[PDB]
Amino acid sequence: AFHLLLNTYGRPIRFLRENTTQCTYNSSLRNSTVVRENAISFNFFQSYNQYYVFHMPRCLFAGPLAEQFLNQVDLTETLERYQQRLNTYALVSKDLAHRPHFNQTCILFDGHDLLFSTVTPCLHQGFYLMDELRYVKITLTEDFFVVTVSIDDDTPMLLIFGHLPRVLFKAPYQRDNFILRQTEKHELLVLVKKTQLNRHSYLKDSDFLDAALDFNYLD
Amino acid sequence: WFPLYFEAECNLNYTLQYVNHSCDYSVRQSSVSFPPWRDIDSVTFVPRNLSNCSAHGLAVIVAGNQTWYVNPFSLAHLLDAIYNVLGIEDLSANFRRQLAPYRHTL
Amino acid sequence: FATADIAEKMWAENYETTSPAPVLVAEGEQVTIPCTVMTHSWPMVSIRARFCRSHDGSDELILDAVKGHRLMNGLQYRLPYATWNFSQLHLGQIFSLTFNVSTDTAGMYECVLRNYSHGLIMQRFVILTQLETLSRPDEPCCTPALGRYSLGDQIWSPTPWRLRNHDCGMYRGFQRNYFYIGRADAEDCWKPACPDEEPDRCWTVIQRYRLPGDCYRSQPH
Ligand SMILES: *[C@@H]1O[C@H](CO)[C@@H](O[C@@H]2O[C@H](CO)[C@@H](O[C@@H]3O[C@H](CO)[C@@H](O)[C@H](O)[C@@H]3O)[C@H](O)[C@H]2NC(C)=O)[C@H](O)[C@H]1NC(C)=O
Ligand SMILES: *[C@@H]1O[C@H](CO)[C@@H](O[C@@H]2O[C@H](CO)[C@@H](O)[C@H](O)[C@H]2NC(C)=O)[C@H](O)[C@H]1NC(C)=O
Ligand SMILES: *[C@@H]1O[C@H](CO)[C@@H](O)[C@H](O)[C@H]1NC(C)=O
Ligand SMILES: *[C@@H]1O[C@H](CO)[C@@H](O)[C@H](O)[C@H]1NC(C)=O
Ligand SMILES: *[C@@H]1O[C@H](CO)[C@@H](O)[C@H](O)[C@H]1NC(C)=O
Ligand SMILES: *[C@@H]1O[C@H](CO)[C@@H](O)[C@H](O)[C@H]1NC(C)=O
Ligand SMILES: *[C@@H]1O[C@H](CO)[C@@H](O)[C@H](O)[C@H]1NC(C)=O
Ligand SMILES: *[C@@H]1O[C@H](CO)[C@@H](O)[C@H](O)[C@H]1NC(C)=O
Ligand SMILES: *[C@@H]1O[C@H](CO)[C@@H](O)[C@H](O)[C@H]1NC(C)=O
Ligand SMILES: *[C@@H]1O[C@H](CO)[C@@H](O)[C@H](O)[C@H]1NC(C)=O
Ligand SMILES: *[C@@H]1O[C@H](CO)[C@@H](O)[C@H](O)[C@H]1NC(C)=O
């Protein structure tokens, strides 16, 4: 009966579907029974003397996802100082206002002050040529590119475009920060330090990096 | 199909008044040494509803009879995305409604 | 906060004159970085790391220059279990960082005097576990002659007799042979995980340092 469920492991309990619904009896039959191996709960009142309690597949919730997450928060940080931290980002837009990756993998955005990390199969290279001592490199997912660039022992300049991840964002504040003319189907993400205005020119106007060939094909 | 889980309980004797102007996440050193989800007993929350001395929200945890207070909004914004990437956000279809007001307003 | 990211860098005149040559160390060993600094006026001292497996920017461990009270720790996410150290020595303070070296923890480490805005790089340590080498196809296997620190611009290992190597395919026709320190398991059993990326953040610095014995390596301009 009691056995392993991990990650998206709804297959076994899809037919071994033990159940629990209602208010009374302190969830003893399910929670206290599964205490035999694990029982972990959340509780939230709905009124004086009335409370909602959640019991979870703590071991499954304790899967690799939580392993990666562990160090990714300080859930003791405050709203106003979050807001102050937000100002570190340039936010040029609103301030102006057979497959090779089968054998290679990447881990991205580690220690990132404003975003969450993740592993992925990838291809990770540069351009045919490089005027070295100013360094760039690129990494790819199946429907969005990602790049990084700088030579200065500090936060580098990051750019990402494609069908970007729909939930990957460290803070709760406004995610939309980019081009008025944004594409009909794909999204762009660029992050840089506030001080880059003094040196980065291409952010100040329309476009960069194409021989008058910008659009992705469709017809 | 998924595993099945908990309920909402009435007629509790325990209450909130105990804090006596304890209104904030007063403990931080525990944060740099968080127990993982593996080692937690229970977790609690309030949108500072009953508090003159608190406005938006706060949360508490207990682990091996070890406890301290921490703010609620990051987990509200987070666990939704965690479920979404895990593909079980549908299980929140009901309780996401209850949890809705408790993300930060921006 | 106690400080923001270092805003303007500086380097000591002996920076490159005192930074030891990059070292190769077996995975899982509890390496510790030494550091020595004479009595100064800087309010803060700190240790600075640059990992070269999929890492960018810099992360810092900030210490009280005199008391030794930790003030900020950015290394936590990579090094959850690393332990620092401080020892006031009336002549001059000593501080160090300890950890178990592995593929995800190899990188460059530097001592940095610090105040709220300014900072001065003192010394650099480069820690490695695997090194790139290229072997022409029909030619016999190369044989480097690693040793202890000795002196100079030479790459070195504390336990050269534990060296072992393996190959990871082809590159532009060359066969890629990798060198590493073993004995983590019995005899030749242990084989390190295949590196996933090159050139890495360790590249520019490392390929500026020679390797003893006959062997070939792509080098900077
Ligand atoms: C962190 O420490 C650095 C140590 O250099 C502080 O910068 C230093 O500030 C002093 C202030 O007197 C500068 O000295 C003055 O500079 C000019 C040019 O030489 C001259 O008018 C005076 O004779 C005097 O020497 C010093 O040059 C400057 N150092 C550098 C490298 O620019 C910095 O202020 C400290 N940070 C904080 C937040 O206190
Ligand atoms: C990924 O590369 C590895 C390299 O080892 C391939 O695995 C085997 O490599 C050995 C030599 O070490 C070859 O003799 C084998 O033919 C390789 N294949 C197998 C199935 O053993 C592996 O094939 C590569 N995978 C992909 C998807 O390219
Ligand atoms: C539902 O739960 C009851 C006990 O609450 C149990 O007897 C029953 O078998 C469960 N249903 C299934 C399909 O397992
Ligand atoms: C309520 O359930 C919890 C969790 O199973 C259990 O530890 C506790 O003893 C129960 N309390 C009562 C009063 O039934
Ligand atoms: C408190 O405990 C008493 C004694 O068991 C019980 O009658 C009562 O319902 C409990 N609930 C509240 C809200 O006081
Ligand atoms: C203060 O805490 C006590 C328990 O320590 C609790 O009974 C009391 O209700 C709290 N204060 C007030 C004014 O109720
Ligand atoms: C507390 O909840 C009540 C409704 O139950 C509402 O009138 C009140 O504004 C809420 N206060 C806060 C701080 O959420
Ligand atoms: C503050 O206390 C007063 C007096 O009891 C009450 O009228 C008011 O609603 C309280 N406000 C909050 C936010 O608890
Ligand atoms: C729970 O209390 C006991 C008895 O004081 C103590 O030994 C133990 O460390 C506590 N548990 C935690 C997790 O602090
Ligand atoms: C590090 O390695 C040592 C032995 O060198 C071992 O005792 C220890 O458990 C390892 N782990 C950590 C986190 O230091
Ligand atoms: C510093 O290292 C020594 C051994 O060299 C050890 O005994 C001591 O506990 C360490 N101090 C700290 C604070 O880690």
# chains A, B, ... in the order shown; residues from 1 in each chain; ligands from 1
>>> residues_around(residues="residue A:124", least_positions_apart="3", cutoff="9 Å", atoms="only C-alpha atoms", output="PyMOL selection string")
(chain A and resi 104-106+137-140) or (chain C and resi 197-198)
>>> residues_around(residues="residue C:31", least_positions_apart="6", cutoff="10 Å", atoms="only C-alpha atoms", output="list in words")
residues 25, 97, 98, 99, 100, 101 and 127 of chain C
>>> residues_around(residues="residue B:78", least_positions_apart="5", cutoff="10 Å", atoms="only C-alpha atoms", output="ChimeraX atom specification")
/A:73,167-172 /B:73,83-84,103
>>> write_last_selection(atoms="N, CA and C atoms", output="short mmCIF file (atom, residue, chain, number, x, y, z; two decimals), in the first residue's frame")
data_model
loop_
_atom_site.label_atom_id
_atom_site.label_comp_id
_atom_site.auth_asym_id
_atom_site.auth_seq_id
_atom_site.Cartn_x
_atom_site.Cartn_y
_atom_site.Cartn_z
N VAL A 73 15.65 31.47 -1.82
CA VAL A 73 14.82 32.50 -1.20
C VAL A 73 15.43 32.94 0.11
N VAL A 167 6.83 31.52 -15.98
CA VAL A 167 6.73 31.75 -14.55
C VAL A 167 8.07 32.04 -13.90
N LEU A 168 9.17 32.02 -14.64
CA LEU A 168 10.50 32.16 -14.05
C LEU A 168 10.75 33.63 -13.72
N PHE A 169 10.59 33.99 -12.44
CA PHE A 169 10.79 35.36 -12.00
C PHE A 169 10.88 35.40 -10.48
N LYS A 170 11.90 36.09 -9.96
CA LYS A 170 12.22 35.97 -8.54
C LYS A 170 11.26 36.76 -7.66
N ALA A 171 10.76 37.89 -8.13
CA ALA A 171 10.00 38.83 -7.32
C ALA A 171 8.54 38.84 -7.76
N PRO A 172 7.66 39.48 -6.98
CA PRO A 172 6.25 39.57 -7.39
C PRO A 172 5.94 40.78 -8.25
N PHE B 73 4.41 36.50 1.59
CA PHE B 73 4.10 36.83 0.20
C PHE B 73 4.98 36.07 -0.79
N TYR B 83 4.20 24.67 -8.65
CA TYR B 83 3.21 23.72 -9.15
C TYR B 83 3.11 23.81 -10.67
N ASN B 84 3.14 25.03 -11.21
CA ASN B 84 3.01 25.20 -12.66
C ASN B 84 4.12 24.49 -13.40
N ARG B 103 -0.92 36.99 -2.46
CA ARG B 103 0.25 37.49 -3.17
C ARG B 103 0.34 39.00 -3.01
#
>>> select_by_dssp(residues="stretch 45-75 of chain A", states="alpha helix (DSSP H)", output="JSON, numbers by chain")
{"A": [58, 59, 60, 61, 64, 65, 66, 67, 68, 69]}
>>> write_last_selection(atoms="N, CA and C atoms", output="PDB file, in the first residue's frame")
ATOM      1  N   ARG A  58       4.268  15.247   1.223  1.00  0.00           N
ATOM      2  CA  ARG A  58       5.483  15.960   1.601  1.00  0.00           C
ATOM      3  C   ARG A  58       6.721  15.352   0.958  1.00  0.00           C
ATOM      4  N   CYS A  59       6.819  14.022   0.933  1.00  0.00           N
ATOM      5  CA  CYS A  59       7.961  13.389   0.283  1.00  0.00           C
ATOM      6  C   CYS A  59       8.015  13.743  -1.199  1.00  0.00           C
ATOM      7  N   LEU A  60       6.873  13.682  -1.888  1.00  0.00           N
ATOM      8  CA  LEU A  60       6.845  14.075  -3.294  1.00  0.00           C
ATOM      9  C   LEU A  60       7.084  15.572  -3.444  1.00  0.00           C
ATOM     10  N   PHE A  61       6.436  16.385  -2.606  1.00  0.00           N
ATOM     11  CA  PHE A  61       6.762  17.807  -2.560  1.00  0.00           C
ATOM     12  C   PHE A  61       8.218  18.013  -2.165  1.00  0.00           C
ATOM     13  N   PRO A  64      13.121  16.584  -6.171  1.00  0.00           N
ATOM     14  CA  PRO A  64      14.260  17.372  -6.665  1.00  0.00           C
ATOM     15  C   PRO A  64      13.946  18.847  -6.864  1.00  0.00           C
ATOM     16  N   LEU A  65      12.691  19.162  -7.187  1.00  0.00           N
ATOM     17  CA  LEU A  65      12.307  20.558  -7.370  1.00  0.00           C
ATOM     18  C   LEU A  65      12.629  21.371  -6.121  1.00  0.00           C
ATOM     19  N   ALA A  66      12.177  20.892  -4.961  1.00  0.00           N
ATOM     20  CA  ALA A  66      12.480  21.581  -3.713  1.00  0.00           C
ATOM     21  C   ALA A  66      13.976  21.556  -3.423  1.00  0.00           C
ATOM     22  N   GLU A  67      14.667  20.481  -3.819  1.00  0.00           N
ATOM     23  CA  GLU A  67      16.117  20.440  -3.649  1.00  0.00           C
ATOM     24  C   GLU A  67      16.774  21.627  -4.335  1.00  0.00           C
ATOM     25  N   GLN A  68      16.458  21.839  -5.611  1.00  0.00           N
ATOM     26  CA  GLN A  68      16.988  22.994  -6.326  1.00  0.00           C
ATOM     27  C   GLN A  68      16.542  24.293  -5.671  1.00  0.00           C
ATOM     28  N   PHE A  69      15.297  24.344  -5.195  1.00  0.00           N
ATOM     29  CA  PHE A  69      14.768  25.598  -4.673  1.00  0.00           C
ATOM     30  C   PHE A  69      15.446  26.037  -3.380  1.00  0.00           C
TER      31      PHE A  69
END
>>> residues_near_ligand(ligand="ligand 10", cutoff="8 Å", atoms="only C-alpha atoms and all ligand atoms", output="number ranges by chain")
C: 28-30, 81-82, 99-100
>>> residues_near_ligand(ligand="ligand 7", cutoff="10 Å", atoms="only C-alpha atoms and all ligand atoms", output="list in words")
residues 46, 47 and 48 of chain A; 46, 47, 48, 49, 50, 51, 52, 54, 55, 56, 57, 101 and 102 of chain B
>>> residues_near_ligand(ligand="ligand 1", cutoff="10 Å", atoms="only C-alpha atoms and all ligand atoms", output="number ranges by chain")
C: 3, 8-10, 41-44, 113-120
>>> write_last_selection(atoms="N, CA and C atoms", output="CSV table (one decimal), in the first residue's frame")
chain,number,residue,atom,x,y,z
C,3,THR,N,27.1,46.9,2.3
C,3,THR,CA,27.7,47.4,1.2
C,3,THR,C,27.0,46.9,-0.1
C,8,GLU,N,34.3,50.3,-7.8
C,8,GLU,CA,35.6,50.5,-8.5
C,8,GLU,C,36.6,49.5,-8.0
C,9,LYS,N,37.2,48.8,-8.9
C,9,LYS,CA,38.2,47.8,-8.5
C,9,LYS,C,39.6,48.5,-8.4
C,10,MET,N,40.5,47.8,-7.7
C,10,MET,CA,41.9,48.1,-7.8
C,10,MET,C,42.7,46.8,-7.6
C,41,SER,N,44.1,50.1,7.2
C,41,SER,CA,43.1,51.0,7.6
C,41,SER,C,41.7,50.6,7.0
C,42,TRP,N,41.6,49.6,6.2
C,42,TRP,CA,40.4,49.3,5.5
C,42,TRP,C,39.4,48.7,6.6
C,43,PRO,N,38.2,49.3,6.7
C,43,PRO,CA,37.2,48.8,7.6
C,43,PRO,C,36.9,47.3,7.4
C,44,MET,N,36.9,46.8,6.2
C,44,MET,CA,36.4,45.4,5.9
C,44,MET,C,37.4,44.7,5.1
C,113,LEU,N,40.7,43.6,0.1
C,113,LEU,CA,40.4,44.6,1.1
C,113,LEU,C,39.2,45.4,0.7
C,114,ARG,N,38.4,45.9,1.6
C,114,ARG,CA,37.1,46.4,1.3
C,114,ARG,C,36.7,47.5,2.2
C,115,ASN,N,36.0,48.5,1.6
C,115,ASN,CA,35.1,49.4,2.4
C,115,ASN,C,33.8,49.5,1.6
C,116,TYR,N,32.9,50.4,2.1
C,116,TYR,CA,31.6,50.4,1.5
C,116,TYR,C,31.6,50.5,0.0
C,117,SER,N,32.5,51.2,-0.6
C,117,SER,CA,32.5,51.4,-2.0
C,117,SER,C,33.8,50.9,-2.7
C,118,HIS,N,34.9,51.0,-2.0
C,118,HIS,CA,36.2,50.7,-2.7
C,118,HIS,C,36.8,49.4,-2.2
C,119,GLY,N,37.7,48.9,-3.0
C,119,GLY,CA,38.3,47.6,-2.7
C,119,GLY,C,39.6,47.4,-3.5
C,120,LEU,N,40.5,46.5,-3.0
C,120,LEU,CA,41.8,46.4,-3.6
C,120,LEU,C,42.1,44.9,-3.6
>>> residues_near_ligand(ligand="ligand 6", cutoff="6 Å", atoms="only C-alpha atoms and all ligand atoms", output="ChimeraX atom specification")
/B:17-20
>>> write_last_selection(atoms="N, CA and C atoms", output="compact mmCIF listing (two decimals), in the first residue's frame")
# COMPACT_ATOMS: atom_id res chain seq x y z
N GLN B 17 -4.50 35.77 19.74
CA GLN B 17 -4.26 36.91 20.64
C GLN B 17 -2.92 36.83 21.35
N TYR B 18 -2.32 35.64 21.42
CA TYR B 18 -1.13 35.44 22.25
C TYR B 18 -0.01 36.42 21.91
N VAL B 19 0.07 36.87 20.66
CA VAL B 19 1.26 37.58 20.20
C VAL B 19 1.55 38.79 21.08
N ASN B 20 0.52 39.50 21.53
CA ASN B 20 0.72 40.67 22.37
C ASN B 20 1.72 41.64 21.74
>>> interface_residues(of="chain B", to="chain A", cutoff="7 Å", atoms="only C-alpha atoms", output="VMD selection string")
chain B and resid 1 to 13 25 28 31 36 to 38 40 to 46 70 to 71 74 77 81 86 104 106
